[PDB]
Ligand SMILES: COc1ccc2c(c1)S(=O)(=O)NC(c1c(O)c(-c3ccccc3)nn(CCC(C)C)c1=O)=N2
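First, one chain by itself: the form deposited without the named molecule, in structure tokens.
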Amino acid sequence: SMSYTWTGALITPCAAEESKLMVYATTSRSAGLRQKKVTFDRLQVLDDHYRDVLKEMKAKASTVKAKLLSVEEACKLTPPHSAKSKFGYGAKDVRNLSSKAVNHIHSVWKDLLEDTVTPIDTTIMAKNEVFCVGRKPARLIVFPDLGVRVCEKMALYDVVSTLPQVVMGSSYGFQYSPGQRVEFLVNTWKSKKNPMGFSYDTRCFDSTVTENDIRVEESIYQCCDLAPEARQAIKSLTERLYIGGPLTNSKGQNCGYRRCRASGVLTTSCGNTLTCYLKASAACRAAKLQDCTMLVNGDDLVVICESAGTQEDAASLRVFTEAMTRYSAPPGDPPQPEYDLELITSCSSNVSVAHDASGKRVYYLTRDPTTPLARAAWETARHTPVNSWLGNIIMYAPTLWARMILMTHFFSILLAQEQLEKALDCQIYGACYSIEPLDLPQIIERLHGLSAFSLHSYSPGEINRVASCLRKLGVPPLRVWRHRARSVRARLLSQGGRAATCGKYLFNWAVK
């Protein structure tokens, strides 16, 4: 059946958008191009590999016990900036246990227990994301009302935060920090006698997810030891929200129908991950890949295995891709075999090497600096909820490009404007922090270790990538950034106390 049906009505904005300040942002104006790409008929033929894998997943999920969150708990874990409800309350009311929000949530819950059929309304919107130079359309976000989003947490928060790591073990990508991800990948690579690996990424993964996939996910969740009420709500949520439902735009008009994965529900990330893991493990078996190890974050997959030779590997990946296509998930680009860990890119990121103070080799996670640089450029002009600059400084703090350019530029703009002690909002790992720039040294030490302030002798490929990137975007080269940073460091050190600590740790690399 069709991933989507459309009525004719447009996907409309809810606010003042802006598609430029080179660097652009996606808007609702481009939503029609996205609608085209994500609209198609799915075909799926399962086989005994798929079935054998699923059976093993269920046997693991059957050892998981999960509880209901109370309304109260679910209210307290609602994110502070999520969309206000149609029925008269917002995120802030939910979190402060307003009687209006609580009585309406209890009523949504009771309706889920009592009605297991009526499709549930979702709003469709175009996501506003900054990119770099061609132009890609806006991604679509599809979410139900806030009261339903609280009930999803009641039914499933304990399941989605416990089950996946038990079912997928070390392949569950979301349990790792960047350093931990690197350690998994490097250890896996070094365990093979002749390592080969590849990344796979599915072409419109949300749209490839079928009704059967979503029902299979529910059946995994029902292997858990759950309270009766939980089982009924999870079934009712599966039938009324997860498999499909109607879409309505920001102006309350009927946009169409969805018969595929919603991007804006609690189970999206866990479901996608479980479903990809299931099809990818089955596809490794069809392909007959030797000593296979997988890392999965949504539909981003790395596989690392024993090479069987050059032409053998190339053919084996074709058989893998064929199997994945039969299971409903063709790739955006065909996967390529790699014999260098550094060349495998997934979740937009890759492993690279540098040296610590003692001269020990140290592996760290990096990425192409183009999009992060563009995004930080945008937040120099405008101002966001997410502060992607700061998040990137935190997650990629050991990288050459974050230390030399991102850290430098932003502590300079902060000295200039005297905003050192002003806290900034910052979305990292699905949660919104209030970050004080002088807190960074401690945050980076906690996330990456002290070696992050001390790494040198980076790999020549990484240095050249940063350098080509600066040149392509019009930003000063690295010699300029070393000079500026000597200046920024000097100032911070004059300011004493905590700002002196920033200068000492964050810019120790600039000293002569």
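In this text, the rigid core denotes the largest set of C-alpha atoms whose superposition between the two forms falls within 1.5 Å. When you see a residue number, it is the position in the sequence shown, counting from 1.
In the other compared entries of this protein that model both flanking residues, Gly88 has coordinates in every one, well short of a third left out.
Of the other entries compared for this protein that flank it with modelled residues, a third or more give no atoms for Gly134. The entry models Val133 and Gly134 with a gap of 4 to 9 deposited residues left without coordinates. Unmodelled residues of the deposited sequence between neighbouring positions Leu21 and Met22 number 10 or more. On average the C-alpha atoms of 434-442 have higher B-factors than those of the other stretch, with 193-201 and 434-442 being the two compared. Stretches 246-254 and 346-354 differ in mean CA B factor, with 246-254 having the higher one. The PDB entry assigns its highest CA temperature factor, among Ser457, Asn464, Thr63, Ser487, to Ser487. The PDB entry assigns its highest CA temperature factor, among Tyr429, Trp109, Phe174, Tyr364, to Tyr429. The entry lists a Cα temperature factor for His448 that places it in the middle third of the chain's modelled residues. Residue-level temperature factors show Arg231 in the lowest third of its chain, judged at the C-alpha atom. Annotation for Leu373: C-alpha temperature factor in the middle third relative to the rest of the modelled chain, per the entry. For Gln336, the recorded CA B-factor ranks within the middle third of the chain. Only modelled residues enter the ranking. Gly271: CA B factor in the lowest third of modelled residues in this chain (values from the PDB entry).
Only in words, not in the display: the form solved in complex with the named molecule, which the text now covers.
At least one heavy atom of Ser177 is located within 4.5 Å of the named molecule in the bound PDB entry. Of the heavy atoms in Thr321, none are within 4.5 Å of the named molecule in the bound PDB entry. In the bound PDB entry, the named molecule stays beyond 4.5 Å of every heavy atom belonging to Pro441. Using a 4.5 angstroms limit between non-hydrogen atoms, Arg181 touches the named molecule in the bound PDB entry. When the named molecule is considered in the bound PDB entry, only one residue from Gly298, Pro331, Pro337, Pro437 comes within 4.5 Å through any heavy atom, namely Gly298.
Here is the short version: of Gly90, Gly391, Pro195, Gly256, the single residue with a heavy atom within 4.5 Å of the named molecule in the bound PDB entry is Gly391. Contact with the named molecule in the bound PDB entry, defined as a heavy atom within 4.5 Å, is made by none of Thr78, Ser107 and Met154. In plain terms, the part of the chain that comes close to the named molecule in the bound PDB entry, with a heavy atom within 4.5 Å, is 347-355 out of 347-355, 143-151, 284-292, 247-255. Aligning the rigid core between the shown form and the other one and inspecting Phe184, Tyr433, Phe174, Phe143, the C-alpha positions shift by 2 Å or more at one residue, which is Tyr433.
Relative to the superposed rigid core, the position of the CA of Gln417 differs between the shown form and the other one by 2 Å or more. Core-aligned CA deviation for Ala9 between the shown form and the other one: less than 2 Å.
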